[PDB]
Every structure is written in C-alpha cells, then in structure tokens.
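# pasting the sequence and an experimental structure:
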Amino acid sequence: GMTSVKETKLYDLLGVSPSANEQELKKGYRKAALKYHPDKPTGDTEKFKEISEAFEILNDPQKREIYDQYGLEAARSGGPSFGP
C-alpha cells in the first residue's frame, strides 16, 4: 500500500516494515500480539486491539489519510473527533 500516513508506527504495531507483504503481516501480527498481549502486567488491551486497528487504518485509505492529517487518535476515531 501507500505509506500516506504521518507515522510509520502503524507498521511497528504490526511489527512489519512499510513494504511488508501479507506473509510479513501474519508473522508480525503474532509478534505484535505477543508484545501487547494482555498477559503483560500492564494489561494493554487497547494496544493489542491497536495492532489490528493499525492495519485497519493502514489498509483503509480513509483512515490512512486521517492518520497523515491528524494522527492515530483521529484515524482510529474515523476523523478529527476533537471537541472543545
């Protein structure tokens, strides 16, 4: 895909590189899931879900763009949902 995003963290959340292929995503996902697994004492469930969400944002041109423009918080919210 096109890396039209602000941060390449989306790839880091999948444990893959910008030009990663499907095989990379699968193996990286297991690595990332092993990294942000809720078994970790901090209990990062949001980060575990963020793994999939990152790919979903990266795989979706709408949220991909929103990520570039505003960032992850906006992209994951489906837009600049930042009220006063």
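Received the coordinates, thanks. Numbering: from 1, shown residues only.
# distance of the spatially closest residue to residue 7 that is not a sequence neighbour from residue 52?
Among residues not flanking residue 7 along the chain, residue 72 sits closest, at 6.8 Å (CB to CB, 6 or more residues apart in numbering). All C-beta atoms are positioned from the backbone trio N, CA, C, and that covers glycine. Distance, residue 72 to residue 52, by CB to CB, to the nearest Å: 13 Å.
# ok now do the spatially closest residue to residue 44 that is not a sequence neighbour, which residues does it touch?
For residue 44, ignoring the flanking residues on the chain, the nearest one in space by CB to CB, 6+ apart is residue 36 at 5.3 Å. Applying CB atoms under 8 Å, 6 or more residues apart in numbering to residue 36 gives the contacts 44, 47, 48, 50, 51.
# make a ChimeraX selection of the buried ones in the residues you listed.
Listed next is the ChimeraX selection for buried residues among those, using 16 or more other CB atoms under 10 Å:
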select :47,48,50,51
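# so residue 72 and residue 52 - more neighbours on which side?
residue 72 (20 against 14; other CB atoms under 10 Å).
# thanks a lot, catch you later.
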